[PDB]
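Take a look at the structure tokens below, where one protein chain is shown in two forms, each on its own, as structure 1 and structure 2.
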Structure 1
């Protein structure tokens, strides 16, 4: 039957040979070779060594460069903090547990690690949505006589916190649950076992619709409007070479952002949708890690796209890293 059930876990390995152990008690070297756990640790190490400096530096240059402290940049800082929740809530813990071959922190740690890693990922996600909305409002100007200020920026950040809690908190109180996933060294939402006692099915649907489809629709609408607005402005002002450059660059960035978003969440959405549609099927531990791979690595390529490729942040970072040199 391809799996072994337990009170707070599901090991994706059959116990017909009697070798399966609780992922909170003993190494899982029967569902993956030791060297594969080492490569899990290696990748977590890579994500920490890249993810922490780039995201911490985002916060650090904002402290040193006052021009960065603008309301429109608040949500970018929110992103940086969210990624750091992924780095220390998830990546460092998984580095430690993978080197043991199982989740040594037990069920309590599983909820802790699961909550903060999910919280971090969801704040980042809704930050990308809020950013699109703010950019849409500012550039396309759907409202007359409106000026985006500090108060609007604070609401936007608070909104991401609330939406993220709307996803991360329910598994702590009975709607779905946190259990070890894949190689059983990191914990996450149970979107793949039919656990009616916590009503997993309805939560996965809620996730898919509210925390994937809706963000996708909003980001597409907002950045679609933005591209149209800039395309239209350039068309009505072809004598301006700069406006033509702007249109090219904005279109390029919008494509990069849209593609990066899909790369991050489509695997999870795809796998969840498949398991939902095809319930009663075998899913390997390495297979479950694939959507996690794409989603977690966003802690590195999102700040590259949203901070490093941002001219204001990039210049300030270069100045800071090169000791005052422009």
Structure 2
């Protein structure tokens, strides 16, 4: 056999030399140099040290500034929360695991690592549809007088979690399972074994369809609509109203946010689909480690896009960080937002 299937796992290493051991019982240093595990460990350490502050800081700003309540502000507040979950929820285990070379917490550690990474990713993917829709509603404006309220945003948010819980919780209760991958320091869905006892093959299809191909079709199709109407071609002050101009900024970011999701997940999903369609073939530990641990950056790239592609949000942050206020930058040249300062309501 090309690999060592265990009842709980599937090590991508032949056991001809009988040197293969359960990644829930002993170091996997026989799969790769030990330094490389340190590598992974130093990596998760840095990601945690970047992901915590960047996502908490986002969370804290969105709240503090009572005027940041656009559907986007809700969605990115939702992501920052999911990213904190990814950090303490699973990165903490994936760091611990890397340090020891194996899932010392056994299948639990594997479930924590895998669950939160999946939850993290699906919430992102599903938050992208909500943005794709919202963006469609304000650019191709399906209604004549429709305007999303905080209520609607709270809907989109609750939605992304129902969807995300949908494919990330089942593997905890019998439908498929989380199993170590690559060097065995991370956990993903089971694409490796057919394990009928838990219906692995049906769950992988369901997942690749309902939680990948469909959300992308929607996301890509919607874009084919905001091709004729609002286009990346953005100018200076006003564009058909400074309001229209600023509507163009949010869309650029939402597009960029997609490219960012794709870069971060196609490589993982790709290798995932490959194996699924080549179970038992001869692949090794590094095959899925690289995409797997690269995708963990998904826990931080969103807030950074937000802060670099949103004049408003960026300033509230400076306003927050500079304790008092004095939001240098260049403001939004438009509305602002905060708590005691200029969070003054400015309607009609």
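Positions refer to the first chain, counted from 1. Take the two forms, superpose them, and find the largest set of C-alpha atoms that agree within 1.5 Å; that set is the rigid core.
With the rigid core aligned between the two structures, the listed residues 158, 255, 166, 99 include just one Cα displaced by at least 2 Å, namely that of 255. Once you line up the core between the two structures, the Cα of residue 279 ends up 2 Å or more from where it was.
For residue 20, a C-alpha deviation below 2 angstroms is recorded between the two structures after rigid-core alignment. Relative to the superposed core, residue 77 shifts its CA atom by less than 2 Å between the two structures. Core superposition places the C-alpha of residue 231 4.1 Å apart between the two structures.
Relative to the superposed core, residue 244 moves its CA by 9.7 Å between the two structures. Aligning the rigid core leaves the CA of residue 135 displaced by 2.3 Å between the two structures.
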